[PDB]
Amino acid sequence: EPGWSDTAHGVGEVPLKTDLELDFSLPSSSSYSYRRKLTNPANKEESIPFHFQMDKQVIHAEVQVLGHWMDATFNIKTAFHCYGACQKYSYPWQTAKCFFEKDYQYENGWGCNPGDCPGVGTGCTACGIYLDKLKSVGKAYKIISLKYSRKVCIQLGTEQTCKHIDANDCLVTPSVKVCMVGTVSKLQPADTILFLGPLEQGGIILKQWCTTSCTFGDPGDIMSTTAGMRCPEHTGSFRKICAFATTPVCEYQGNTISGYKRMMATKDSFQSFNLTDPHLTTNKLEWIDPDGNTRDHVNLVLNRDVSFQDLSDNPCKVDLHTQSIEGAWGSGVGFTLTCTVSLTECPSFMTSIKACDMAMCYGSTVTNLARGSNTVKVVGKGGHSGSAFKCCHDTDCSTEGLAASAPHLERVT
């Protein structure tokens, strides 16, 4: 009754026929090497070479590049005009990177009038707040997805096998099973990481980082991006100060201190993380976490008996073509690839269809294929503008790929 499947990564074994078991925890930032001449195959005249290599864990993050976080100074200036409307004149703050203007139009009923202006209900008094002394204070990225893997190389006799194993996965070679359990994520999807210096000097994790309502003083309030400045809103209140024969003066009741200055005063409240040999290219960040306390559990079984049974073996063949796509690249909501998967050589097949481009894969769907044609939907997260996403099974991908839409990542107002 059990139909064919390749979703289980592992073995059926008989322990009394196991030549060698390794079971151990290993730091993420540690590699591990083991070499031994095995005194079997009960042949004595000839021994069996055995190499096991496990590289340090590499972390891969698909990220949204957010630009440069800016520090700035708050300023306010007043501009009075005796007649006309507030549009009929330009203002000095309009030369600033970020500015917000409130206009008191057609209201100088003596109470608010300079000596030279004998008008009532005319003219305009313009109030403008602007930011200057802008300086870049760090680079920020929002995490779309996180991947954890270790390269593993196995040599049994004169046959070598190397593969990148994802965390909580197993590798199965003809006589060796290697499994990893326990890698846990300190970073989380949608975290914002901030680098006050080069990546090599470590980052800060910020759970509060403004997204939908960026107000001056919020974390991430002033961002300088490739597409120009992103300026914060000012939520305070304006008030026109007036006296006899004196020109009106603007007064603002609101926050004056920038988000960066607010964070540095309590800098030690936030979690840092350190990066060994980070690699940043476009929207991909890879690195090795140097924290020695983060450990995963490693199990190796060397078993050369005929009862050593790879649980994924099957005669099924899968042919793939990419039908359609919807959604966005570089998005935490993601894209959905619609695939046409043809099965031959089996009545049914339970397997995993992935969405991949030239660089890597971004998501995976477990599906139960029937002989002939099937439609499978795969959700991917990550990728970039030039990405042509393909349907893949193992290393076999469809001939043609499909580009996703640009993500909606913009402020309102």
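So that there is no doubt, residue numbering starts at 1 and follows the sequence shown.
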Query raised in the report: Which has higher Cα B-factors on average according to the PDB entry: 340 to 348 or 34 to 42?
Result: 34 to 42
Query raised in the report: Where do the C-alpha atoms have the higher mean temperature factor in this entry, in 277 to 285 or in 91 to 99?
Result: 91 to 99
Query raised in the report: Highest CA temperature factor in the entry: which of 157, 219, 123, 290?
Result: 123
Report task. Would you mind checking which of 186, 142, 164, 239 has the top Cα temperature factor in the PDB entry? Result -> 239
Report task. Compare the C-alpha B factor of residue 413 with those of the other modelled residues in its chain, then answer lowest, middle or highest third. Result -> highest
Report task. Determine, from the deposited record, the chain-internal third of the Cα B-factor for residue 388: lowest, middle or highest. Result -> middle
Query raised in the report: Which third of the chain does residue 66 land in by C-alpha B-factor: lowest, middle or highest?
Result: middle
Query raised in the report: If you rank every modelled residue in this chain by C-alpha B factor, which third holds residue 315: lowest, middle or highest?
Result: lowest
Query - B-factor third for the C-alpha atom of residue 147 within its chain - result: lowest
